[PDB]
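Trainee: Below you'll find the structure I mean.
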């Protein structure tokens, strides 16, 4: 069971976004049998947001995972799932170094593996 | 001593597999006297997997060979051994062109007397 979570490489500059814009990339993997995965935001990211030092909160979205109130999930039995988290078109994005913290879970049927993820994405000038 | 190793002809689509589904075919030949063979996965395939570009792994299986921790093997002294490697019924298969790499070894009782790398790629899907 392996999890990789990191900022995307594309630069984001302060302002109001024309389009959906990548901010994080996630990969969840396990050769062992499973039903799927959860990505649960933790601490300040609760709500599914990325957060700067000055407390500015920005929503994350992904087209590779589903959402259920406060977390992402997906039923996927394959060995490996990839996901991009993007910021939505229109969103104003302001000052700083924005951190996402969460916890990945692997489940069956019941959680059988889990690991914290954290990464920080930069915005601006 | 010859080895033939290649992707099967049957088309695979991504999704949950409804049956044991062929992926590769292996032929190991020697009319010379020998005890058996090993088929040892190499590189990314170690563990017994075919591995796609993005690193996704699918387990390979065969009913024609035995297994010893990390490799297949068979005592078979005949001139020719065939084997087919299949994906297990129910496995959800996804994204890519999946390669298997390994090494074949022919052994005798007394001990390896011939060896050769094998490599092939199987396409999945859509």
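Trainee: Only one of B:69, B:63 is out of contact with any strand residue (DSSP E or B) (no Cβ under 7 Å at 6 or more places or on another chain) and either within 14 Å of chain A (Cβ to nearest Cβ) or within 19 Å of residue A:32 (Cα to Cα) (or both). Can you tell me which?
Mentor: Just one listed residue meets the conditions, B:69.
Trainee: Is there a residue in region A:79-86 that is at negative phi and surrounded by fewer than 13 Cβ atoms within 10 Å (Cβ to Cβ)? So that I can check it myself, show each step before the final result.
Mentor: If we filter region A:79-86 for residues that are at negative phi, which is where we start, we get A:79-86.
From what is left, the residues that are surrounded by fewer than 13 Cβ atoms within 10 Å (Cβ to Cβ) are none.
Checked against the condition, which is being at negative phi and surrounded by fewer than 13 Cβ atoms within 10 Å (Cβ to Cβ), region A:79-86 yields no hits at all.
Trainee: Where the second residue is assigned to a helix (DSSP H, G or I) and surrounded by 14 or more Cβ atoms within 10 Å (Cβ to Cβ) and the first is at the interface with another protein chain (Cβ under 10 Å from one of its Cβ atoms) and lies in region B:45-58, which pairs have Cβ atoms under 6 Å and are six or more apart or on separate chains?
Mentor: Note: pairs meeting the criteria are B:51/B:44; B:51/B:45.
Trainee: With the condition kept exactly as written, say whether any residue in region A:10-17 is more than 14 Å from every other protein chain (Cβ to nearest Cβ), buried (at least 17 other Cβ atoms within 10 Å of the Cβ) and touching a helix residue (DSSP H, G or I) at 6+ places or on another chain (Cβ under 9 Å).
Mentor: no
Trainee: Would region B:24-43 turn up any residue that is surrounded by fewer than 16 Cβ atoms within 10 Å (Cβ to Cβ), within 14 Å of another protein chain (Cβ to nearest Cβ) and under 15 Å from the mean Cα position of the chain (by Cα)?
Mentor: no
Neighbour counts are summed over all protein chains in view; Cβ atoms, including those assigned to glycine, are modelled from backbone coordinates with ideal geometry. FYI, it's all coordinate maths here, none of it is from the lab.
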